[PDB]
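# Summary of the model geometry
Spelled out from the first residue to the last, the chains are:
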Amino acid sequence: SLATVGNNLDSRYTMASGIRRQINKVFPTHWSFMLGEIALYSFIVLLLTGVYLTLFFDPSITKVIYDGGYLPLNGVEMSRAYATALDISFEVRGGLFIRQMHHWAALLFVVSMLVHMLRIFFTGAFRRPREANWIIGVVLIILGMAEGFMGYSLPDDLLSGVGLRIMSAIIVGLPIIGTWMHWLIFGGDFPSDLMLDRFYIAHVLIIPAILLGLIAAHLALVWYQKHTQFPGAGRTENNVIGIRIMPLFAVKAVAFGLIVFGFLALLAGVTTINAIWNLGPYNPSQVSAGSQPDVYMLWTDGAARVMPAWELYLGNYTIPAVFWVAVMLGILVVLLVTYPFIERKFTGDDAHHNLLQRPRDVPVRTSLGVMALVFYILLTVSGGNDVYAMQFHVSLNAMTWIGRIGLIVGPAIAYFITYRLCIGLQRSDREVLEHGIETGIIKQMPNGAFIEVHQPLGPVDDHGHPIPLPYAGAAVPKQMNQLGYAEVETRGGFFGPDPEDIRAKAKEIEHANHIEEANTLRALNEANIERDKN
Amino acid sequence: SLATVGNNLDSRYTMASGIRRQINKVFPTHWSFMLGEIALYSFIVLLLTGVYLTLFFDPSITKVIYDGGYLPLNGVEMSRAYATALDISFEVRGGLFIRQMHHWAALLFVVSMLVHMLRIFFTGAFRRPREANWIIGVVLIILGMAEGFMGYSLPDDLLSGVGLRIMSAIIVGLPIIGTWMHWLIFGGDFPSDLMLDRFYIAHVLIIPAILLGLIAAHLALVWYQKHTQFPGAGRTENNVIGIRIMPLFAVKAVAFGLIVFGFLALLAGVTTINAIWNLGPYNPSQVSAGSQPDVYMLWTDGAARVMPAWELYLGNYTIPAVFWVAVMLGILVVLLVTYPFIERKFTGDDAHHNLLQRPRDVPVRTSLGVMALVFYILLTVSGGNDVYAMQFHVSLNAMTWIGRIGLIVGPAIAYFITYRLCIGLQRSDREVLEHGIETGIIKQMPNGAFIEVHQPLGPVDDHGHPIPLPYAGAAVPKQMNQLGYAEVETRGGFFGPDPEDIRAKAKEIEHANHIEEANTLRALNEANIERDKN
Amino acid sequence: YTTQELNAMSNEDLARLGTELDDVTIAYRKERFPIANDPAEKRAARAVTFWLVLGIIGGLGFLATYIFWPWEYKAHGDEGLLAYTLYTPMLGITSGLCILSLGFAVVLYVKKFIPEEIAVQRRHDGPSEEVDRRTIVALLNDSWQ
Amino acid sequence: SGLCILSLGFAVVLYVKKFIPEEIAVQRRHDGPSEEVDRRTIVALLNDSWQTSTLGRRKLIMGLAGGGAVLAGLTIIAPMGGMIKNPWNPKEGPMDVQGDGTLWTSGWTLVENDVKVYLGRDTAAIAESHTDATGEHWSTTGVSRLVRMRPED
Ligand SMILES: CC(C)=CCC/C(C)=C/CC/C(C)=C/CC/C(C)=C\CC/C(C)=C/CC/C(C)=C/CC/C(C)=C/CC/C(C)=C/CC/C(C)=C/CC1=C(C)C(=O)c2ccccc2C1=O
Ligand SMILES: CCCCCCCCCCCCCCCC(=O)O[C@H](COC(=O)CCCCCCC[C@@H](C)CCCCCCCCC)COP(=O)(O)O[C@H]1[C@H](O)[C@H](O)[C@@H](O)[C@@H](O)[C@@H]1O
Ligand SMILES: CCCCCCCCCCCCCCCC(=O)O[C@H](COC(=O)CCCCCCC[C@@H](C)CCCCCCCCC)COP(=O)(O)O[C@H]1[C@H](O)[C@H](O)[C@@H](O)[C@@H](O)[C@@H]1O
Ligand code: HEM
Ligand code: HEM
Ligand code: HEM
Ligand code: HEM
């Protein structure tokens, strides 16, 4: 009775033709093409765990005497926000589990986007026509960071409160619109009554709406311009080689989705995050050692530490030393957002790119990427060099100076090494194409010469040295096991073999199948040669 | 500068044919095909005025002593929710304006959907294939009502608090699991902590998201069926006759869009709504005489008033009298949702209808609609029968009995009258086709017979007596001015007579224009005929 | 369509081809007035100008009243009680005059300047195609089997 | 929960790479600039819509329309000025122990108003629980958070 369900659905929405095309879209299979899905699944967990978390949370600053579940804090005056966050974790069955799931999901979300951005950057997937996706994604990461920031500052504990104090005092110190801006955001002096209400609404509605909208636009725009792929065998700029949506892509997407969901569900139980009961209510007069924000916010806090005391005292005015920090952070973002355009400016490449490129074939961009990664990592480490100093027994002043000097010398060394290594990887590729795979079977000729057997991947002439093949943009095998010359020729379990008849029959079919598979790729290339001729 | 922005936007989204298709969609022009826009524009105003309204509002039940803009109520102990709602009207510049805009928009929204649903119902736009739209829309109106309900319950004043008391005590008095369900929603006895928090988090997120999702799906699904239209000249069941999206439809949509926006901006200033400063903080002991919820919620309260004391005592258990109210309201909703299915069961016609039908041609459905409207109106009046009783000097007991009895005899009389009037309108429509327009020229024939001049719309046989034109499902003219026999033939301004030279040509041009229009319309008709005979 | 024969099409003929690729036919497109400098053009222009100027006045009024008008609360028997109770109504009057007038101006432009139009579009609905139905149940069946 | 969801995930993935057949699919890309036929058809339609509207000739109408639209926009966003607050306007009422609300005052400013301000040591005292005939309640009556301090302390 399923054909009658199809009949009703078709007779109304003329949907047979438009969904045949949806279920036939082919997507390239590569492990690095699943990194964006991690961000998507983490985002889904955040929305679901977040909604559950708002049924027990009161975002108020009004002071109350605590008389809840956590007896070691009974009788202390705290806000309604901290008291209800303490009630989620001590009075709701499985409330701590969900709270921890939420925070872990936030962390994974931001790191998933970072790693996905790195994949996009290195492989060159931001090139025409995919710059809109780059800009959308960059906005996504900044908003993700902002979202996480206003999320961990909701409980109104001592640790998060210092983050708000830092943020407010950063804004207030702005050259012209600095004290007027602070009064517009917080609704007055810090802290203020409306502050945790403006933060709550920006966190549960304002940002997630924008985020969901941008994500939806992101996915639709990706789905419209099929996907990029690595320049493999039979693959051109006018085709996609992979797997169709069903039955293979859809099931794989669900499996990996469950994997991420299950992993977050494990972390939510087995590890502690943001133990707010240890920290007390926010008090402007008391503080703790280190007191760092979340990992994604450490780069901003690290920027403030390594900036020297460079205040400008004009006539009856003051530019705080923090202002230059904002300038630097303003540059890093602008450099990141408008990357495809500066790429194109300095390279003079304005073509339609559908084929990816391996990082080793673009050494300047790869090296710039690793240079920028070292910059970001140094900012992150120096934002949290108090915990590094204490645990690893190094001078805190030495850490500050390492941050200051390392931001000049670290990127330079990173570029040099990365560039040289990229060219090295290029050279190793050419050796195989020119001479063949190094077998590793050293044998002695009658005269006494030790020679290593080389396996050519192309046709040879008639004097040993085989005609070297040109680079084709793809990975070339370098081991003899990569050609299946170490493949196990026993079928069976762990304790017992299979019958002979079922064994030899099975090797024959697998042999015929792999031969025909290679033949498809060969035939593809041939048609593509004639296609590109025209 | 403009040629080049399009060039590098098409070169990367291949959107020339996709955009051309959207801007060439034809939409039927009818005043009743716009009532759906009113709901959309009011919804946009709600979510926009709502976001502004959340920057100043603290949804906390924590009691405070008020000191603020409202010089009365200084020193009065109120909730945090009430104090901030009282602050956004007396301490925020133009905050009362926005608050009133919000409430007015809510009212218009619900009335923008109800009237829209009436248009859909009467004209038969819910028929095949448009039943998903009917179901989606019905869910939209119920959720809109629920959203409005939880919106005006946020300020936590005395009037709204009684609504929550009524709602909680309705839930608590449900058979079997009404006690556990009440404790699961409010998180304990009424009132509770995390009661204004669950409502605030479901009014500014859960409902909006659901509504936005349903609306977006609704509009997309409408754009897929490319509307419906009334029977008329040249228009068949496989075409749309109207105007293209640009330049005519898009501009008209914006023009009407801002008209609604501007109208809501007028009422927001000139007319008071929900004067919460006169109502006082919620107190379980204090009540007022006029405790009606809101216009869209009046029908539920009216149902509760006219239900007799019919309690069922079952030994150790009791069924409240209000249970039957719930049952009744449940039936009304179920009847409304599954209407297309019940209408096509008793008609036995599901034949993919794309042409609308005038209400006069479907007397049973029209009469059922007016029967249901009278039912709803009587429930609504009974919901505020205490303000009717005093202001119009009627016994309140008499009002209760009018509601009780009127729900049986009111619908019956409504059906009878409406049916007869529908057939009457049908009859008047046939007289014109059979005999012609009744002109007001009472001539006296030489014999002395007073005869009225009749204008045939069709060919005549021998001596007047027009060949009767068959009914065509369209509006037949009834007066001679509807054929432009009263058209003013003097071009010029109010004072300007206008030169005859330029006045002759313009009348000639308009004459040739409507001749060509009529010619093209009748050619379209002829095309349909010779197309329908193959 | 060879490019050679695309340059042989008018600005209008190209559009008429364009509208017909979407199953749309433009019947009865008529210019509002094909008269050389008739007073009726000036009359139509002077009506939409009225509602534009009035909207501008309304906008400036709203801005002026929003900034410079006593808006703080005044109690029963205070001096400025009248000027206060009129703040919200004045906001309503001015804002509702700005946006409303602009709306009237825009609708009056559509009705008086943009040409008459009848467009007729073919409609594509029902049980799809005979081929598409067969090849979707075959693809779905294939992926399950 | 980890075991349940993770195991189901593993089961599903282990099915696709053991039971679902091996597929290489090749799809043709349709992207880049559109066909010229349609290209000159979409620009001609947009040009027709602009020309026939006869708005280009009316300098005054479009000039005033721009102004009107700008004023409407500014009218819509104007109530956002309710958020604007003067940082240099002291909060209502006399100066309290938290200062005047501005950046100038610090609650120590009370010394300039002939108020005798001590140096208050924080004793970190909490509320006291009291159980009676009427349940248990937290009172802070006898308890002093801040206490005076001596120069020998
Ligand atoms: C085929 C397919 C499914 C393709 C995928 C397309 C897709 C999902 C794209 C992503 C969506 C996009 C473009 C997002 C934009 C991202 C972005 C820049 C910002 C984020 C957006 C955001 C912050 C949202 C949160 C709050 C917010 C401002 C919401 C928007 C509020 C509004 C204006 C809602 C109503 C608009 C809406 C949902 C329309 C549905 C689309 C359709 C089919 C409309 C048809 C339509 C109808 C029916 C009218 O009556 C009408 C009357 C007068 C003028 C126009 C229209 C009109 O366009
Ligand atoms: C609307 C939610 C949908 C739930 C999804 C379905 C998941 C199924 C599994 C449910 C887990 C069972 C949890 C039951 C919990 C329990 O044991 O309840 C105690 C005493 O229960 C009893 O003996 C009887 C319990 C009967 C209720 C079980 C309901 C499940 C079934 C029957 C309903 C079908 C669901 C339909 C699906 C619809 C899907 C909709 C999305 C109350 O003692 P109390 O002293 O108040 O202590 C308090 C803590 O218990 C409490 O958690 C709280 O956190 C503490 O604060 C504390 O007050
Ligand atoms: C997108 C284009 C943006 C264009 C901007 C044009 C938008 C027009 C509407 C702007 C909102 C209304 C403007 C002025 C509104 C006004 O009159 O506010 C007074 C005025 O400020 C001053 O005097 C000093 C002058 C400050 C300039 C104000 C004009 C705002 C412009 C410059 C800023 C926007 C431009 C930035 C682009 C935005 C994009 C986002 C990045 C504050 O004195 P105050 O005494 O603190 O009054 C308090 C009560 O307001 C309050 O309720 C409280 O209750 C009272 O206690 C009292 O303190
Ligand atoms: C919110 C986090 C993000 C999500 C959920 C997300 C989601 C996705 C998904 C599902 C895809 C297609 C599958 C894939 O290639 O992996 C994709 C592709 C892409 N994303 Fe993201 N993305 C995110 C962040 C970003 C960021 C931060 C950038 C860039 C700075 C970016 C740029 C791109 C680009 C260029 C592609 C195209 C890859 C290709 O088509 O070759 N995305 N994204
Ligand atoms: C981009 C997605 C999101 C991120 C990155 C995010 C991040 C965070 C973080 C880092 C916290 C601190 C958690 C803690 O206190 O242990 C938090 C708390 C919270 N989030 Fe989210 N969140 C997101 C989405 C949402 C959404 C959509 C909602 C609500 C609809 C929400 C509601 C909350 C609430 C109520 C809290 C406070 C409860 C608590 O502190 O325990 N979040 N969020
Ligand atoms: C949230 C409120 C609603 C909005 C914003 C909305 C919006 C729209 C719009 C813009 C249209 C396009 C055609 C028109 O204007 O008439 C439409 C059509 C339609 N709506 Fe609604 N609608 C709403 C509520 C409803 C409700 C409550 C129902 C049904 C109970 C409904 C059923 C329909 C149907 C059947 C059509 C098709 C009319 C046709 O195609 O001829 N809608 N709606
Ligand atoms: C979906 C349509 C909506 C309807 C029908 C609706 C209805 C209402 C109503 C009737 C009130 C009472 C206002 C008053 O006291 O005068 C209200 C209050 C409120 N609404 Fe909504 N609302 C809607 C959407 C939203 C949205 C999307 C938000 C937030 C994003 C929002 C936020 C608020 C806030 C903060 C209040 C504050 C209570 C007050 O100040 O009176 N509303 N709503």
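See the structure shown above.
Before going into details, it helps to say that this report is about the structure given with it.

How each quantity is defined
- Residues numbered from 1 in each chain as written, not as in the entry; some residues may be left out.
- Chains lettered and ligands numbered in written order.
- Part of a larger assembly, values for the part shown.
- Heavy atoms only, no water.
- Helix = DSSP H or I, 4+ residues; strand = E, 2+ residues; numbered from the N terminus.
- Rg over C-alpha atoms; globule rule 2.2 N^0.38 Å.
- Buried < 20%, exposed > 50% of the residue type's maximum accessible area, 1.4 Å probe, protein only.
- Contact = heavy atoms within 4.5 Å.
- Areas by Shrake-Rupley, 256 points an atom, 1.4 Å probe, with all protein chains shown as cover.
- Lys, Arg positive; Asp, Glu negative; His and termini not counted.
- Charge placed at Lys NZ, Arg CZ, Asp CG, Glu CD.
- Pairing = 2+ DSSP bridges.
- Buried area = accessible area lost by both parts, 1.4 Å probe.
- Salt bridge = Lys/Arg side-chain N within 4 Å of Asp/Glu carboxyl O.
- Polar contact = N/O pair within 3.5 Å; in protein donor to acceptor, adjacent residues only side chain to side chain.
- Donors = N, O, S within 2.8 Å, 3.2 Å for Na, K, Ca; no water.
- Tetrahedral: all angles 85-135°; square planar, octahedral: opposite > 155°, others 65-115°.
- Axes fitted to C-alpha atoms, helices over the stretch in contact; angles between N-to-C directions.
- Parallel < 35°, antiparallel > 145°, perpendicular 65-115°, else oblique.
- Nonpolar A, V, L, I, M, F, W, Y, C, P; charged D, E, K, R; others polar.
- Patch = residues over 30% accessible without salt bridge, like charges linked within 9 Å, V, L, I, M, F, W, Y side chains within 5 Å.
- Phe/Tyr/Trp six-rings, centres within 6.5 Å; stacked < 30°, edge-to-face > 60°.
- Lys NZ or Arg CZ within 6 Å of the ring centre and 35° of its normal.
- Near = heavy atom within 4 Å.
- Left-handed = near helix turned anticlockwise from the far one by under 90°.

Within chain D, the secondary structure is distributed over 3 helices and 5 strands. Along chain D, from the amino end to the carboxyl end, the secondary structure elements read α-β-α-α-β-β-β-β. Taking 2.2 N^0.38 as the reference for a compact globule, 153 residues should give roughly 15 Å; the C-alpha atoms of chain D span a radius of gyration of 38 Å, well beyond that estimate. In terms of its C-alpha atoms, chain D occupies a principal-axis envelope of roughly 95 × 75 × 40 Å. Scored against the burial criterion, the 153 residues of chain D give a buried share of 26%. When contacts within chain D are restricted to residue pairs at least 6 apart in sequence, those whose partners lie at least 24 apart make up 21%. Total accessible area on chain D stands at roughly 10,700 Å², and carbon and sulfur atoms take up 60% of it. Looking at chain D, you have 16 positive and 18 negative side-chain charges, and the mean spots of the two groups are 10 Å apart.

Moving on: the overall build of chain A. Counting its secondary structure elements, chain A contains 17 helices and 6 strands. Expressed along its principal axes, the backbone C-alpha trace of chain A runs to roughly 90 × 70 × 55 Å. Counting only residues that meet the buried cut, chain A has 44% of its 534 residues in that class. Within chain A, residue pairs in contact and separated by at least 24 positions form 72% of the contacts whose partners lie at least 6 positions apart. Total accessible area computed for chain A in this model is approximately 27,400 Å², and 67% of it derives from carbon and sulfur atoms. If you average the places of the 37 positive and of the 42 negative side-chain charges in chain A, the two averages end up 5 Å apart.

Strand order across the open sheet formed by 3 strands is β1(A)-β4(A)-β1(D), with antiparallel pairing between neighbours. This sheet does not close on itself; its edge strands, each paired only once, are β1 (26–27) of chain A together with β1 (25–28) of chain D. Here strand β4 (residues 239–244) of chain A pairs with β1(D) via 4 bridges, running antiparallel. In the sheet register, A:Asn239 faces β1(D), and the bridge partner there is D:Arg28.

Turning next to the interface of chain D and chain C. For interface size, the figure often reported is the accessible area lost on association. Contacts between the two partners involve 30 residues from chain D, matched on the other side by 33 residues from chain C. In this assembly, chain D packs against chain C so that about 2,500 Å² is buried in total across both faces, 70% of it on carbon and sulfur atoms. On the chain D side of the interface with chain C, the three residues burying the most area are D:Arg40, D:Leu71 and D:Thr75, jointly 23% of the side's total. Here chain D and chain C share 2 salt bridges between them. A salt bridge links C:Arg29 to D:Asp48, with the nearest nitrogen and oxygen atoms 3.9 Å apart. Joining chain D to chain C, the criterion identifies 9 residue pairs in polar contact.

Checked against the element boundaries, B:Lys478 lands in the loop between β8 (450–455) and α17 (500–532). It is 5.9 Å that separates the C-alpha atoms of B:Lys478 and B:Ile437, two residues lying 41 residues apart in sequence.

What follows concerns the pairing of β4(A). Residues and elements named next belong to chain A. Of all 6 residues in β4, 6 are buried; the element is thus mostly enclosed. For β1 and β4, the ladder comprises 2 bridges, and the chain directions are antiparallel. Bridge assignment links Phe27 to a residue of β4, and that residue is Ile243.

The subject of this paragraph is the coordination of the iron atom of ligand 5. All names here are of chain A. For the iron atom of ligand 5, the full set of protein donor atoms is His102 (NE2) and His203 (NE2), at a range of 2.4 Å. In this structure, the iron atom of ligand 5 is coordinated by 6 donor atoms arranged in octahedral fashion, with angles at the metal of 84 to 175°. You can see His102 sitting in helix α5 (residues 95–123) and its partner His203 sitting in helix α9 (residues 195–224), a full 101 residues away along the chain. Note on accessibility: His102 and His203 belong to one class, buried.

The next point concerns the packing of helix α4 (residues 80–90) of chain A against α5(A). A packed helix pair is summarised by two numbers, namely the angle formed by the two axes and the spacing between the axes. Residue and element names in this part refer to chain A. Contact geometry for α4 and α5: axes closest at 5 Å, N-to-C directions at 110°. As summarised for this structure, α4 and α5 are arranged roughly perpendicular, according to the angle between their axes. Between α4 and α5, the contacting residues are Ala85, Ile88 and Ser89 on the first element and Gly95, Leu96 and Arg99 on the second. For the contact of α4 with α5, the per-class residue count stands at 3 nonpolar, 2 polar and 1 charged.

Once that is clear, we can look at a negative patch on the surface. Residue and element names in this part refer to chain B. Taken together, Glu431, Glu434, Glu438 and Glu452 make up a surface patch of like negative charges. Positionally, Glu431 belongs in helix α16 (residues 396–435). Take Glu431: its relative accessible area is 46%, and that puts it in the partly exposed class.

Next up on the list: unusual backbone geometry. With omega at 5°, the peptide bond leading from A:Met246 into A:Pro247 counts as cis. Within the fold, A:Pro247 resides in helix α10 (residues 245–270). Positioned with a positive phi, B:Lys226 is a non-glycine residue whose angle comes to about 40°. Of note, B:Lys226 is situated in the loop between α9 (196–225) and β4 (239–244).

This brings us to the packing of aromatic side chains. For the structure shown, the criterion picks out 58 aromatic pairs over all chains. With 5.2 Å between their ring centres and 80° between their planes, C:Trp51 and C:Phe104 make a pair best called edge-to-face. One end of the pair, C:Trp51, is in helix α2 (residues 39–67); the other, C:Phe104, is in helix α4 (residues 87–112), and 53 residues separate them in sequence. Among the aromatic residues, those joined into a cluster by ring pairs are A:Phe121, A:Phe122, A:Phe126, A:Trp134 and A:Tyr339. Sitting above the plane of the B:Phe56 ring, A:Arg198 keeps its charged end 5.2 Å from the centroid. D:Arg148 extends its terminal NZ or CZ atom over the ring of D:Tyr118, reaching a point 5.4 Å from the ring centre.

Glancing now at the site of ligand 7. Looking at ligand 7, there are 24 residues lining it, with B:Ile88, B:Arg99, B:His102, B:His203 and B:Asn274 nearest. The residues that come close to ligand 7 belong to more than one chain, namely chains A and B. In this structure, a nitrogen atom belonging to ligand 7 sits 3.0 Å away from a side-chain N or O atom of B:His102. Here an oxygen atom of ligand 7 and a side-chain polar atom of B:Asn274 are 3.0 Å apart. Among the elements of the structure, α3 (35–53), α5 (95–123), α6 (132–152) and α9 of chain B are those that each provide at least two residues to the shell around ligand 7. Top contributing element to the shell around ligand 7 by residue count: α3(B), with 6 residues. Its residues assigned to classes, the shell around ligand 7 comprises 14 nonpolar, 8 polar and 2 charged.

The next point concerns the packing of α5(B) against helix α10 (residues 245–270) of chain B. Residue and element names in this part refer to chain B. Between α5 and α10, the shortest axis-to-axis distance is 8 Å and the interhelical angle comes to 125°. Classed by the angle they form, the pair α5 and α10 counts as oblique. As α5 packs across α10, the resulting crossing turns out to be right-handed. From α5, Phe97, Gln100, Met101, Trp104, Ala105 and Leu108 reach across to α10, where they touch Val260, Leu264, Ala265, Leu267, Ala268 and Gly269.

In this section: the coordination of the iron atom of ligand 4. Residues and elements named next belong to chain A. Ligation of the iron atom of ligand 4 by protein atoms is provided by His116 (NE2) and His218 (NE2), these donors lying 2.4 to 2.5 Å from the ion. Its 6 donor atoms give the iron atom of ligand 4 angles of 81 to 176° at the centre, a pattern that matches the octahedral case. Highlighted residues: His116 in helix α5 and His218 in helix α9, separated in sequence by 102 residues. Look at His116 and you get partly exposed, because its relative accessible area is 23%. Of the residues examined, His218 reaches a relative accessible area of 15% and is grouped as buried.

Two modes of strand pairing occur in sheets, parallel and antiparallel, and in both the strands are linked by backbone hydrogen bonds. As summarised here, the arrangement of the 4 strands in space is β1(B)-β4(B)-β2(C)-β1(C), forming an open sheet in which the pairing is antiparallel. In this open sheet, the two strands that pair with only one neighbour each are β1 (26–27) of chain B together with β1 (24–30) of chain C. Strand contacts of α10(B): β1 and β4 of chain B together with β2 (116–122) of chain C, with the helix running at about 75° to β4(B), the strand carrying the most contacts.

What follows deals with the pattern of salt bridges. Should the charged atoms of two oppositely charged side chains come close, the side chains can pair. Overall, the coordinates contain 48 salt bridges over all chains when judged by the stated rule. For A:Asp301, the salt bridge goes to A:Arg305, with nearest N and O atoms at 3.0 Å. A residue pair is termed a helical-turn pair when its members lie 3 or 4 positions apart in one helix, as A:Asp301 and A:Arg305 do in helix α11 (residues 298–306) at 4 residues. Since its relative accessible area comes to 16%, A:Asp301 is described here as buried. What makes A:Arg305 partly exposed here is its relative accessible area of 23%. In this structure, B:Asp498 and B:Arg491 form a salt bridge, with 3.6 Å as the shortest nitrogen-oxygen distance. Accessibility assignment for this pair places B:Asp498 and B:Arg491 in one class, buried. One network of salt bridges, in which partners are shared, links A:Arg358, A:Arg360, A:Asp429 and A:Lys478.

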